[PDB]
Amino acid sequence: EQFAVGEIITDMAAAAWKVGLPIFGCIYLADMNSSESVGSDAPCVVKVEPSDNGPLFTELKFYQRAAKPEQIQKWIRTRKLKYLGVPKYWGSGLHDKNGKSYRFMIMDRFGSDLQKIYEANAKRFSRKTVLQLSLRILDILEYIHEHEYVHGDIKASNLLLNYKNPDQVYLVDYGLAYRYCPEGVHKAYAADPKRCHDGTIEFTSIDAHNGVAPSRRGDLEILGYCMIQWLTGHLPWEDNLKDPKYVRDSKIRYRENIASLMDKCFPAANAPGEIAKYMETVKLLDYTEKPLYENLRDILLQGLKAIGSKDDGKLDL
């Protein structure tokens, strides 16, 4: 009960918001202050945590730095995108309840997460779906990377559909995002003592497993594991998630021979070539290396040609 329904809160820019019903975490629907109350079709949410919470601070800094509405709209215009799946930041402030200090932030409201939809579809997405999701995710990753950040936890539960457009997917949850290149100086290949967050074990990068700070190649690697999970319903190491050593060992061995990962994950000889080629390309990245995002997108587009489709932006969920 951090907020009352109908409570009006004011952000640092003196913009007024009204809180709606609660919705993982402490999150409520929200809208611009008005006489009417906040509908079930509200266009915003408000995320609230104690002011001493580290993740919300990390997240807020990400949103302020790289997710300003104009900043995003400029990129979309320049890169000629249909949309960009980075949630827009609308504001933030402080809020007292019962004598303790809380930090809040206002973001875009979305529809369903992809994990619910994945489960509802018997833990499979079509090749078409996976390729269309992945092309959009590569747009997102390129954007955040160019703004000095990596996400480090890409997965279906952090991917939400636009409330008004089911063909547009957004990456959320920047609470453990990492500023890999502050002021254009890439972090060295070593642990960051301020970070102890390892990601989601089934999907996380070999770099994260090794205890080094996440970088761009790691985000791409994570997406790779997601693509296989979505296509097949499985990953090779999924029965041993309690043992990080095992998971790391398996990922390293599979990275060494991608063909054997394809043989393991796909029924013999049925392996989509673009997935192998994607994984081969990511494997060649150095820790500090800037990915060629267009080449990666090109690889996935060949997959769309192979199934007699095109990048029409249809997710087919």
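The term rigid core refers to the maximal set of C-alpha atoms that superpose within 1.5 Å between the two forms. Residue indices: 1-based, along the sequence shown.
Novice: Find the stretch among 218 to 226 and 93 to 101 with the larger RMS C-alpha deviation in 6 other deposited structures of this protein, all structures being superposed on the shown form by the rigid core.
Specialist: The stretch that sits farther from the shown form in 6 other deposited structures of this protein is 93 to 101.
Novice: Would you say residue 17 goes unmodelled in a third or more of the other compared entries?
Specialist: Across the other compared entries, residue 17 is absent from none.
Novice: Do at least a third of the other entries of this protein fail to model residue 267?
Specialist: yes, residue 267 frequently unmodelled elsewhere, at least a third of entries.
Novice: Which class fits the unmodelled deposited stretch between residue 23 and residue 24: none, 1 to 3, 4 to 9, or 10 or more?
Specialist: Unresolved stretch here: 4 to 9 residues.
Novice: For the C-alpha atoms alone, is the average B factor greater in 288 to 296 or in 24 to 32, going by the entry?
Specialist: Of 288 to 296 and 24 to 32, the stretch with the higher C-alpha B-factor average is 24 to 32.
Novice: Mean CA temperature factor from the deposited coordinates, higher in 194 to 202 or in 156 to 164?
Specialist: The deposited B-factors put 194 to 202 ahead on the C-alpha mean.
Novice: For the CA B factor values reported in this entry, which option in 64, 51, 250, 58 has the top one?
Specialist: Of 64, 51, 250, 58, 51 has the highest C-alpha B-factor.
Novice: At the C-alpha atoms, which of 177, 130, 138, 122 reaches the highest B-factor in this entry?
Specialist: Top of the list by C-alpha B-factor: 122.
Novice: Hey, what third does residue 19 fall into on Cα B-factor, ranked over its chain?
Specialist: Tercile = middle for this residue's CA B-factor.
Novice: Name the third of the chain's ranked CA B-factors that contains residue 231, choosing lowest, middle or highest.
Specialist: Middle third - that is where residue 231 ends up once the chain's C-alpha B-factors are sorted.
Novice: Using the B-factors in the PDB entry, rank residue 213's C-alpha atom against the chain and give the third, lowest, middle or highest.
Specialist: Ranked within chain, residue 213 CA B lands in the middle tercile.
Novice: Taking the chain's C-alpha temperature factors as the reference, tell me which third residue 118 falls into: lowest, middle or highest.
Specialist: Middle third, going by the recorded CA B-factors of the chain.
Novice: Could you tell me which third, lowest, middle or highest, the C-alpha B-factor of residue 83 occupies within its chain?
Specialist: According to the entry, residue 83 has a C-alpha B-factor in the chain's middle third.
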